[PDB]
Amino acid sequence: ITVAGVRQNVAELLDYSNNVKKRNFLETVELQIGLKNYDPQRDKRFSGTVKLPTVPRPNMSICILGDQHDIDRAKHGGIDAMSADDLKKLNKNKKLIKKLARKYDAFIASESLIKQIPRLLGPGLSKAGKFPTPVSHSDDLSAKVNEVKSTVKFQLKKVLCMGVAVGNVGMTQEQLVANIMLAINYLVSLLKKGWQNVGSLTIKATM
RNA sequence: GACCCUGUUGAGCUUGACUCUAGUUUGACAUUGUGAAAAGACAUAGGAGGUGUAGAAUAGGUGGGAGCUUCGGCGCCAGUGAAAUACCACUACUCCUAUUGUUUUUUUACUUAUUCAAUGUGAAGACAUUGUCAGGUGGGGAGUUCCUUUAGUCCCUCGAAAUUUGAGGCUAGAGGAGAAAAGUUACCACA
C-alpha cells in the first residue's frame with residue numbers, strides 16, 4: 001500500500017465525510033479485507049492478534065475473572081469483581097451468562113479461574129468468541145486490560161471476507177494511520193504469502 | 001445300549017516362498033484433419049435471489065454500530081434463537097441476459113490420418129487398429145534362497161472438524177523347498 005494514498009483516504013473522510021454527514025456518534029472507522037482465491041475450507045487457517053497501544057475502542061465494556069487480592073483494586077478502578085459464589089450462580093443459570101456476555105463482550109481471566117471454568121459452563125457457551133487471555137504474574141492490573149484490549153483477532157471463518165474497526169475522530173491522523181498500517185503489516189505477515197494476495201481493501205468510514 | 005482306537009470317505013478349518021512376466025483388466029495420453037449443429041466449464045458487465053425449528057417475520061454471511069433522521073417511524077432494551085434486526089461497508093454462492101473472447105465434450109457431414117485388395121489404381125473411415133505411461137490379478141511361464149496387534153516419545157505426513165479425531169511413519173515382540181501336496185477334528189458314513 002502507498003502512504004500518500006492512505007493519506008488522501010484519511011483525508012477523503014476526516015476532512016470530508018464528517019462535513020457531509022455531521023452526525024452525533026462515537027465515530028469509528030473500519031477497514032475490510034476480502035481475499036481473491038484462498039478457500040477457507042482448506043488447511044493453514046490463520047488466527048492472530050495485534051498489539052495495539054492506542055486503543056481507539058474506548059467505548060468500553062470489560063468483565064474480569066479475578067481471584068483474591070483483586071476485589072479492592074477492581075472496586076477502586078470501577079470494575080465489578082467476580083468470585084467463586086458469583087461464578088457458581090452463573091453456573092446454575094445458563095442464559096443469564098449469555099446475557100452478561102452480551103453486556104460485557106470483552107473478558108479477562110486469571111490462571112485459577114481459567115483452569116476452573118472448563119468444568120461444564122466453559123464449552124457450553126464457548127460458541128460465542130469470548131477467548132479469555134490469562135493474566136500474568138505481575139498482578140498489576142493497572143492498564144494491563146488497556147493493552148489486552150484492542151487486540152483484534154484475525155480469525156478465518158467459512159466466509160472469505162472480514163473487517164477490522166480501528167480509528168476514531170477523537171485522535172488524529174498520525175497515530176490512526178500508524179495503527180491501521182501496523183494492523184495491515186501484521187495481517188500480511190500472518191497471511192500465507194505476499195500482500196498481492198489481497199484483492200481489494202476499503203478504508204471508508206462508518207457513514 | 002453305550003466308551004476308546006485304526007483305515008477309507010464325507011463335511012469343515014489351516015498351510016502351500018519370493019522376484020519378473022505371458023494372459024487378463026482399469027485409467028490417462030498420442031496419430032489427427034476440415035466444417036456444421038448442441039452441451040459444460042472458463043471472461044467480463046449487468047439483473048434477480050436466499051422460506052429446517054423457534055421466532056411478529058423469507059436470518060446469504062462478516063464487520064463495526066447506540067442511537068437513526070425526506071425528522072416518523074424506527075432502534076436499543078425485552079423476547080425467540082448457533083446466529084437479531086435501526087445506520088452503513090465488504091465478498092460468497094445460486095439462477096438468468098448480452099458480446100468486445102477462451103477451452104473441453106456429444107451428434108452429423110467430407111477426406112488428407114489410418115485400415116483392406118492388386119499391379120508389368122479402388123473401398124471403408126477421423127471410428128477401429130496400434131503405441132507410451134500409471135496401476136489390479138496372476139494355482140500359468142522363467143530365475144533365486146504387504147498389511148494387523150501390542151507399549152512408548154505426544155517425534156513426522158495425509159484426511160476430517162474447527163477449539164479435536166482417523167489412517168499411515170519410528171523403536172522391538174507377536175500372525176499369515178512351496179501347486180506336488182501336507183497338517184487337523186471328543187463331527188458323519190462304511191469296515
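Proteins come first, then strands; the chains are lettered A, B, ... in the order of their sequence lines, and each starts at number 1. All heavy atoms count here, side chains included; hydrogens, waters and symmetry mates do not.
- B:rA109: Watson-Crick or G-U partner is B:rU34, with both key distances under 3.5 Å.
- Residues B:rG101 and B:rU80 show neither Watson-Crick nor G-U wobble pairing with both defining distances under 3.5 Å.
- Listed by residue number, the members of residues 183-200 of chain A with any heavy atom below 4.0 angstrom from RNA chain B form an empty set.
- The side chain of A:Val159 sits closest to B:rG61 out of B:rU163, B:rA162, B:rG61.
- In this structure, the side-chain contact (heavy atoms from CB on, under 4.5 Å) partners of A:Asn18, at least two apart in sequence or on a different chain, are A:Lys22.
- Under the Watson-Crick or G-U wobble criterion, with both distances below 3.5 Å, B:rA186 is left unpaired in every strand shown.
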Nucleotide by nucleotide, nucleotides 64-72 of chain B touches protein heavy atoms under 4.0 Å in the pattern (B base, S sugar-phosphate only, - none) BSSSSB---
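- For the pair A:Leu160 CG and B:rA92 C1', the computed distance is 8 Å after rounding to whole Å.
- The base-pairing partner of B:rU70, taking Watson-Crick or G-U wobble contacts with both distances under 3.5 Å, does not exist among the strands shown.
- Nucleotide B:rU97 is annotated as paired to B:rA45 [Watson-Crick or G-U wobble, both distances under 3.5 Å].
- A distance of about 47 Å separates the P atoms of B:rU97 and B:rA123, rounded to the whole Å.
- Rounded to whole Å, atom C1' of B:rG61 lies 11 Å from atom NZ of A:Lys157.
- Atom CG in A:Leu156 sits about 12 Å away from atom P in B:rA92, given to the nearest Å.
- With sequence neighbours excluded, the residues forming a side-chain contact (heavy atoms from CB on, under 4.5 Å) with A:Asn91 are A:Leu120, A:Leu121, listed by chain and number.
- Between A:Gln41 atom CD and B:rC93 atom P the separation is 12 Å, expressed in whole Å.
- In this structure, A:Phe46 places its CZ atom 17 Å from P of B:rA162, rounding to the nearest Å.
- B:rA126 is unpaired under the Watson-Crick or G-U wobble criterion, no partner having all donor-acceptor distances under 3.5 Å.
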Contact letters for nucleotides 74-83 of chain B, in which S counts primed atoms plus P, OP1 and OP2 and B counts the base, heavy atoms under 4.0 Å: ----SS-BSS
Using distance only, find each side-chain donor-acceptor pair of residues 149-166 of chain A under 3.5 Å and give its atom names and separation, not counting sequence neighbours.
{"unit_1": "A:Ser150", "atom_1": "OG", "unit_2": "A:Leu52", "atom_2": "O", "d": "2.9"}
{"unit_1": "A:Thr151", "atom_1": "OG1", "unit_2": "A:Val148", "atom_2": "O", "d": "2.8"}
{"unit_1": "A:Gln155", "atom_1": "OE1", "unit_2": "A:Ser47", "atom_2": "OG", "d": "3.2"}

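- Atom NZ of A:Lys115 sits in a sparse spot, with 12 or fewer heavy atoms from other residues, nucleotides or ligands closer than 6.0 Å.
- Figure legend. B:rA59 is base-paired to no nucleotide; pairs are counted as Watson-Crick or G-U wobble with both atom distances under 3.5 Å.
- Distance A:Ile203 CD1 to B:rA89 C1': 12 Å, rounded to the nearest Å.
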